[PDB]
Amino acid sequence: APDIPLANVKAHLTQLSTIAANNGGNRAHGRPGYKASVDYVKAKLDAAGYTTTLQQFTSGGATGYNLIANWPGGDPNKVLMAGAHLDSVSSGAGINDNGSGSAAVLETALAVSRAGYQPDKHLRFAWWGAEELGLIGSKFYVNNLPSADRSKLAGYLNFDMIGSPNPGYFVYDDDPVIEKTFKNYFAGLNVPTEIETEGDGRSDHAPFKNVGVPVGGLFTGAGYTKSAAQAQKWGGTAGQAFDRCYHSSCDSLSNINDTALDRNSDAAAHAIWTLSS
């Protein structure tokens, strides 16, 4: 897999920050900052050769969108998906939650095109709307995915909060092959990982997991406090939240740990390459 350039991931975050500023301070469902975020991500993917779909839904009386991007080619019967919710809460720009995952998935998708990669499995990326309303966009996608297509899914990889400023390195303990692939990447860096427990089912992998699609993912922690043992293994500040700006107006460009964002973006690309061969 290629390295994912940290600077490129950061640049997507800068664009999402500007989009929030230009649209009332947020990128929330039903608010213009969300659709503007969609439009930015879609234009990059379209230019790189993806077949994109804007999947519309209505929730709370307002139109929402999922952005689906299919890389042409690969076995239609073995589809590997990766995704990240693209909405924020309305209090702020949602740069760690979840600009970070959205930007890593976008830069990985662009990396596939730059590398001229032809995965054996068909790749499909997704940016979900309205996750902050209760996984509404990913539930909509799974609920509207025919059973014949659901059975073609080899896996769904989720990236939701991967740049926390006081990070942990959490890997979902779900499908064994997906989990092993992420933990192998971190082992190559000599960075230990822990099982994800803080967020559990509270992200867009849940609708997939609940219908038997193998899932996995990466997370760097939210409002829980980093323990003494976690600060010893990862650095940072024991006794402070992983993300002191969770769901806050201060979830801005200053609310990112560059090392965590880099490591998790690189691990996302590593897993996508390994699991699509």
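Sequential numbering from 1, following the sequence displayed.
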- Query: Out of the other entries of this protein with residues modelled on both sides, is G101 skipped in at least a third?
  - Reply: no
- Task: May I ask whether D200 is missing from the deposited models in at least a third of the other compared entries?
- Result: yes
- Decide which of the stretches 183-191 and 138-146 has the higher mean C-alpha B-factor, going by the entry. 183-191
- Task: Higher average CA B factor in the deposited record is what I'm after, so tell me if that's 77-85 or 192-200.
- Result: 192-200
- According to the deposited entry, which of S59, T220, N70, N66 has the largest Cα B-factor? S59
- Query: Which has the highest CA B-factor per the PDB entry: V41, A238, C245, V215?
  - Reply: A238
- Please place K152 in the lowest, middle or highest third of its chain by C-alpha B factor as given in the entry. highest
- Message: Where does the C-alpha B-factor of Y224 rank in its chain, lowest, middle or highest third?
- Response: highest
- By the record's CA B-factor, is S37 among the lowest, middle or highest third of residues in the chain? lowest
- Item | Lowest, middle or highest third - CA B-factor, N22 | highest
- Query: Once the chain's modelled residues are ordered by C-alpha B factor and cut into thirds, is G168 in the lowest, middle or highest one?
  - Reply: middle
